[PDB]
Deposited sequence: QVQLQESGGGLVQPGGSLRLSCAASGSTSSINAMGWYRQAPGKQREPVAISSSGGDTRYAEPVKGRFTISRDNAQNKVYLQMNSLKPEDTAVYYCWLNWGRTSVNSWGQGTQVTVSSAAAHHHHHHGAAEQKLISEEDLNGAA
């Protein structure tokens, strides 16, 4: 029974920012995935057991992931947004001894000049 709640979705101008929020016993890892139209799910950022923050090559030096173990919350600071980042963002959580994969519904983020 994961129950993942995503927030902070939107439409932004290229060079803009959005913050993403996700809210969820013993958690293995908690991060974000993205699925562009036509493409398959690709990992964006992940936070591990000791706070080891791992990022995607195209997103490195642009986004930040900050977790809250005290509230089971996770935050994606999407800065310097390019239109390539236009996809639906899925919050993920790995939990239990048996490594269960729980996925959020997904928040749409669109980077456009419009």
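- Counting the deposited sequence from 1, the stretches lacking C-alpha coordinates are 25 to 28, 119 to 143.
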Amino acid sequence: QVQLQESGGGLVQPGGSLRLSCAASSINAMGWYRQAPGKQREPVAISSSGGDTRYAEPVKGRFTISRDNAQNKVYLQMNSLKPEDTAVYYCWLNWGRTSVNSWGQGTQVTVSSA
From here on, numbers count along this sequence of modelled residues.
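- Remark: stretch with higher mean C-alpha B factor among 100 to 108 and 14 to 22 is 100 to 108.
- Looking at mean Cα B-factors across 39 to 47 and 73 to 81, the upper value is held by 39 to 47.
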